[PDB]
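What follows is a single chain, given as structure tokens, in the form deposited in one PDB entry.
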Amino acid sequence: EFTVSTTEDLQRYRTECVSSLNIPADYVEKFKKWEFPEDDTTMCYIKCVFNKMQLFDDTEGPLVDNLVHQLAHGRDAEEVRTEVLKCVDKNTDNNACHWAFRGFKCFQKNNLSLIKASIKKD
């Protein structure tokens, strides 16, 4: 089942991906600041994190229902879906790392932020 990711999920996934991909220390510092070079190391890191957040599958590609759940904060879901779908394409160069990262870049361009604050009516 799909659950939305928080900052703490992201921190755990970063740690796991850094370990499993043997990411160099200097990349880790950038990643902690949410700064992402457009190189293979970084693109495969983004795929790894999106995999773990169930936002991207290496065969099916971007996972739209899950992305909408992650992005919408329970509001304007059909509008969010419209925006997400603009960012969905096929694996045109047969590199799942590039595929995932292309999605991410399109999210950034369209102001679709996967990790946002939430105000709770207490």
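Residue positions are given as counts along the sequence shown, with the first one as 1. Under this definition, the rigid core comprises the largest set of C-alpha atoms superposing within 1.5 Å between the forms.
There is another form of this protein, the form deposited in another entry, and it is not shown here; the text below is about that form.
- Relative to the superposed rigid core, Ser20 undergoes a CA displacement smaller than 2 Å between this form and the one not shown.
- Taking the rigid core as fixed, one finds a CA shift for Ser113 of 2 Å or more between this form and the one not shown.
- Once both forms are fitted on their rigid core, the CA atom of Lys33 lies 2 Å or more apart between this form and the one not shown.
- An increase of at least 3 Å in the separation of the C-alpha atoms of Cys48 and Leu114 is found in the other entry, compared with the displayed form.
- Annotation: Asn111/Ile115 CA-CA distance shorter in the other entry than in the displayed model, change of at least 3 Å.
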